[PDB]
Amino acid sequence: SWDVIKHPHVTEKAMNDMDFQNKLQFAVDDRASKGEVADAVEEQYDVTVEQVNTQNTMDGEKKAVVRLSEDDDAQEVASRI
Amino acid sequence: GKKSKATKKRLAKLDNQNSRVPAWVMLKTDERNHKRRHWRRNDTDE
Amino acid sequence: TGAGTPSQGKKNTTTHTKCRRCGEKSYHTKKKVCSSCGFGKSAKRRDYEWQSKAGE
Amino acid sequence: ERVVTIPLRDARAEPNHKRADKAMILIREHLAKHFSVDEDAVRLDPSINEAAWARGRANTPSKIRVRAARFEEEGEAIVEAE
Amino acid sequence: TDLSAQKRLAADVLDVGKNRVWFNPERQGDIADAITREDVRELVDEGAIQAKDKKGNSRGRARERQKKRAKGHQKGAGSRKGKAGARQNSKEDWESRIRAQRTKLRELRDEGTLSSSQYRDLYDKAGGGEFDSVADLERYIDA
RNA sequence: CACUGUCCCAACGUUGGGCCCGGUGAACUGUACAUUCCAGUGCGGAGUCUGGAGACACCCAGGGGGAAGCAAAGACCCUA
RNA sequence: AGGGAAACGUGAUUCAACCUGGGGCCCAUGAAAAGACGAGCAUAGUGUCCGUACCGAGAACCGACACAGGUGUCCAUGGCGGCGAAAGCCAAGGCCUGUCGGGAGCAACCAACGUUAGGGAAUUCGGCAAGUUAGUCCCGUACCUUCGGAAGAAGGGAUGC
RNA sequence: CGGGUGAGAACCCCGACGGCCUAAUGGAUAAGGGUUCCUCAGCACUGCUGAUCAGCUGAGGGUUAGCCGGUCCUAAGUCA
RNA sequence: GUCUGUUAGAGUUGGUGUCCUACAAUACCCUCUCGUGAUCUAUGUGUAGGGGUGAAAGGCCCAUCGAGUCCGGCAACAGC
RNA sequence: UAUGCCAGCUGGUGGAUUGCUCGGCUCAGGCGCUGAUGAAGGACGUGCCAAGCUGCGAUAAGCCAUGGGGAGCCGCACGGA
Ligand SMILES: [Cl-]
Ligand SMILES: [Mg+2]
Ligand SMILES: [Mg+2]
Ligand SMILES: [Mg+2]
Ligand SMILES: [Mg+2]
Ligand code: NA
Ligand code: NA
Ligand code: NA
Ligand code: NA
Ligand SMILES: [Sr+2]
Ligand SMILES: [Sr+2]
Ligand SMILES: [Sr+2]
Ligand SMILES: [Sr+2]
Ligand SMILES: [Sr+2]
Ligand SMILES: [Sr+2]
Ligand SMILES: [Sr+2]
Ligand SMILES: [Sr+2]
Ligand SMILES: [Sr+2]
Ligand SMILES: [Sr+2]
Ligand SMILES: [Sr+2]
Ligand SMILES: [Sr+2]
Ligand SMILES: [Sr+2]
Ligand SMILES: [Sr+2]
Ligand SMILES: [Sr+2]
Ligand SMILES: [Sr+2]
Ligand SMILES: [Sr+2]
Ligand SMILES: [Sr+2]
Ligand SMILES: [Sr+2]
Ligand SMILES: [Sr+2]
Ligand SMILES: [Sr+2]
Ligand SMILES: [Sr+2]
Ligand SMILES: [Sr+2]
Ligand SMILES: [Sr+2]
């Protein structure tokens, strides 16, 4: 059975979405839907997902841009990992 | 043109496949990517 | 209009593509038939004795 | 320091559509000669440039007065329109 | 130093054709160090980066010509390049004229000057191209 | 009929080449030898054989007389 | 709301788009289906999956090439000009990459051109090549003819400011 | 013509002057290409000369949709 | 199935021009013909080798056509 | 003596030659079916760094058991950690 989240996507652009928009980015399995990515995240880091945006990258894997609720602080979550 | 999810995975692979032979492999083997390709000079499948 | 160079410029149609069954770029996407393994035409795999010398 | 009148009559020997460039050569070669320095040492102030190209490339004044100065440790001239 | 990248960014921030952005010849070093659009705007503020003005063709000369012609000049045989029917569309001209005649006749009827049958008689004559213009029509009407 | 550099008969001029210089940098072709010319001879169409004549070497530019020039195992003709 | 350094207009004409009519033509008759309307209003929740870069061409496509070839669509209403989506010139925008340069009044010769007195097709298989004429308005227009045409016949005159 | 960067500058960049393109040499896109896109660092290779430049080399990065397409419908026609 | 027209677009009479180890294995320039129709055009789709398709030139069916291309028969046979 | 001819010498270019063989070629003996319990084949993944090959399959150059084996090991591949 495949897992949804593969690893955080840390790049200058990812850092901004985190600082300025409370969004975290991950490399996910390309069979995962936005909904499956949202649930996966809330359970892995215990946070609330407001919105998810996905893109099928030219690297072969799927990238997801998860925006957290104003109740959580992206930077903080990203920091522990 | 428009690419399907699968066509994208393939092109994606062909891109990664198009790399230098790790510097260290040349040491380990005491001294070429024969499949190195160029977008203009070569032609991929499909 | 010449049949050579002038007529090559009109070629941007996609026919043969990677074949889901054998992997060769022989699946004619308009005919939906692999000219290599015959996928989409034959359940059996496309073979022919002339693909080799008669005594081999 | 001196004011010299440079004739550009010899620019007529070069094809007409590009007399401007040739003129600029003639100027450099004239100063470099009359001030006893290397052509590479001659600096033409952009004001001279515009004078020669004033009516486009196919033309050029037949003469041009330029004020030149000689000096330094490498020996070179600096010039300008007037 | 190579300022191509900045030129592109400045053309988007100053929002003008790339060919209109001016970079101060004595500030390439600073412009060279500009990395982000913010760096560029900052430099725009300082004035190290500016946009030249676009040009607009003068219509002054055209205007003078436009007057001479409105006054009926500069349209002699030597100035005409198009066939007569092209300089004035005949069917169009007719639509112009006949409508002016029919309107005229319409006002003259509701005005009581013309009886219904007098109007009718003239209207059909008009429709038959009996009058060269509104004035010609009136002349006729005055018996 | 009109008109004209088509011609009598050629001239001058313009632009790009050509020529010299830096840089880049092929191909065709090559049995060998080779400075030829006039005659002759020879499978009767010779730079190479014979007899004379001429000929100090090398280089630049040229228009192409010859190498029965180079290019394609003549497509005409006959034969199978 | 936004945008603008600022002002942050008002009227008009001609009017692409878009809308809505009228007429004519056919030995030619100008798709189908899903769907929508018909069939209200509140509030809430849901709206997954795939494509999305860039080039689109005298260097990103096909032509073995960074090939003067070939290659679909729309921008067809920018200004002068004029009949014009013509020429020519100029904006907005793009470019100096139809990417080796430097010298010689720069010869012969070649390509592509300009001008040539007198003669005027004598040149040549042949007026081949070049040239002549030319836009617009007025006057005027033969044979022949299937009465449509021939016809812009030809010929003559005018043309700016 | 000045200047910038650089070990090195005719052709990489800034300014001025001078030009070229107007159904295109401008704007947006289909097919097709497939990362050619952006950044940094480079010049052995590629580039009709050179190169500090680049569609080249090395390393990173970049494509986010309920309402733009696909997806749905049926066309000539295709297959099971 | 009108006329003029480098509107778009389609074509190609002549120069027997330029090119002819080309920019190009059919290109460049000027002139020229068509330009509301038996018109031109994009994509999709159909017809397949003694068979298609052809307003008919033995034209065209991917630089290949008086019988496509690939591989096989095959190391065809030849008195040349 | 320039341009140059013939032969040699020193150094190139080139890779013949000699020597070597991880590959072939042929013969002989043995053995011989796989697949809906989804094969063969292919695609795409999979390594600390990983492009090719090999292996493997989200448990991904591997996991478990029994026996063997043995002080070494982490494939081709002699690097660094
Ligand atoms: Cl109406
Ligand atoms: Mg998406
Ligand atoms: Mg009428
Ligand atoms: Mg080019
Ligand atoms: Mg004669
Ligand atoms: Na390609
Ligand atoms: Na106009
Ligand atoms: Na250059
Ligand atoms: Na066996
Ligand atoms: Sr990447
Ligand atoms: Sr190509
Ligand atoms: Sr034809
Ligand atoms: Sr096509
Ligand atoms: Sr079938
Ligand atoms: Sr079979
Ligand atoms: Sr010669
Ligand atoms: Sr109207
Ligand atoms: Sr885009
Ligand atoms: Sr083109
Ligand atoms: Sr402009
Ligand atoms: Sr170059
Ligand atoms: Sr004169
Ligand atoms: Sr004659
Ligand atoms: Sr004669
Ligand atoms: Sr006349
Ligand atoms: Sr170097
Ligand atoms: Sr670029
Ligand atoms: Sr017509
Ligand atoms: Sr001919
Ligand atoms: Sr000519
Ligand atoms: Sr030819
Ligand atoms: Sr016509
Ligand atoms: Sr055979």
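What follows is calculated from the coordinates using simple rules that are stated; it is not laboratory data. A quick note on method: Cβ atoms are made from the backbone with ideal geometry, for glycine too, and the neighbour counts reach across all protein chains shown.
Given R₀ = 22 Å, FRET efficiency for E:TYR123-E:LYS91 by Cβ-Cβ distance, to 0.05?
On the way: r = 20 Å, r/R0 = 0.91.
According to the calculation, E is roughly 0.65.
To make sure I understand the rule: partners must be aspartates and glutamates, Cα under 20 Å from the Cα of E:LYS104, and not fewer than 8 residues away in the same chain. Which ones qualify?
Straight-line reach from E:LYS104, under 20 Å: E:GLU92, E:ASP93, E:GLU95, E:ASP121, E:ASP124, E:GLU130, E:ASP132, E:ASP136, E:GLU138, E:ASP142.
Compute the relative contact order of chain D as a whole-number percentage, counting only Cα pairs closer than 8 Å that sit 6 or more residues apart in sequence.
Worked out over chain D, it gives 40 percent.
Give, as a single signed number, the net charge of other residues whose beta carbon lies under 15 Å from the beta carbon of C:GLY2, with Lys and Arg counted +1 and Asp and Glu -1.
Spelling it out: positives minus negatives among the neighbours equals +2.
If you take the Cα Rg of the protein assembly as shown and divide it by 2.2 N^0.38 Å, with N the number of residues, what do you get?
Dividing the Cα Rg of the protein assembly as shown by 2.2 N^0.38 Å gives 1.89.
Arranged by the count of other C-beta atoms within 10 angstrom, fewest first, what order do C:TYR48, A:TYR45 take?
C:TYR48, A:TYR45
At a Förster radius of 30 Å, what calculated FRET efficiency corresponds to the Cβ-Cβ distance of E:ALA5 and D:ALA69, to the nearest 0.05?
It comes out at approximately 0.15.
So how far apart, in nm, are the two label points at D:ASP21 and A:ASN56 if each is 7 Å from Cα heading toward Cβ?
5.5 nm
If you split all Cα-Cα distances of chain B into 5 Å bins from zero, what percentages do you get per bin, shortest first?
Spelled out per bin, shortest first, that is 5, 17, 22, 20, 13, 11, 7, 4, 1.
Any idea what the alpha-carbon Rg over 2.2 N^0.38 Å comes to for chain E?
Cα-based Rg divided by the globular estimate yields 2.26.
Sort region D:31-82 into rounded, prolate or oblate with this rule: let a ≥ b ≥ c be the square roots of the eigenvalues of the Cα gyration tensor; rounded if a/c is under 1.5, and if a/c is not under 1.5, prolate when a/b is larger than b/c, oblate otherwise. All intermediate terms of the calculation are to be shown ahead of the outcome.
Details: a/c = 2.49, a/b = 2.36, b/c = 1.05.
Prolate.
To the nearest 20 Debye, how big is the dipole of chain E about its Cα centre, given +1 on the beta carbon of each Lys and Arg and -1 on that of each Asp and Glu?
1120 debye
Seen from all sides and averaged, what is the projected area of the convex hull of the Cα atoms in chain C, in nm²?
For chain C, the mean projected area of the Cα convex hull comes to 6.1 nm².
Using a simple spin-label model with points 7 Å from Cα along the Cα→Cβ vector, what separation in nm is obtained for E:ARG139 and B:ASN42?
9.1 nm
Using the basic label-point model (7 angstrom from Cα toward the beta carbon), what is the B:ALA6 to E:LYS81 distance in nanometres?
Taking the two extended label points, one gets 6.2 nm.
May I ask for the net charge around D:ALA11, where only other residues with Cβ less than 12 Å from the Cβ of D:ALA11 are counted and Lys, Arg are +1 while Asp, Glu are -1?
Working: positive: D:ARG9, D:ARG12, D:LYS18, D:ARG19, D:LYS22, D:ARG57, D:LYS63; negative: D:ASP10, D:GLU14, D:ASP21, D:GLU29.
Surrounding charge for D:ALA11 is +3.
Between chain B and region D:1-55, what is the separation of their alpha carbon centroids in Å?
57 Å
Test of understanding: ordering C:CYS22, C:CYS37 by Cβ neighbours within 10 Å, fewest first, what list do you get?
Fewest to most other Cβ atoms nearby, the residues stand as C:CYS22, C:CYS37.
Going by C-beta contacts inside 10 Å, put A:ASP3, D:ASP45 in order with the fewest on the left.
Final ranking by Cβ density, sparse to dense: A:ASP3, D:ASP45.
A:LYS23: which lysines have alpha carbons under 20 Å from its alpha carbon, excluding same-chain residues fewer than 8 sequence positions away?
The qualifying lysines are A:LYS6, A:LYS13, A:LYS34, A:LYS62, A:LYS63.
Nearest 0.05, what FRET efficiency do A:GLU36 and B:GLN17 give at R0 = 25 Å with Cβ-Cβ as r?
Approximately 0.25, to the nearest 0.05.
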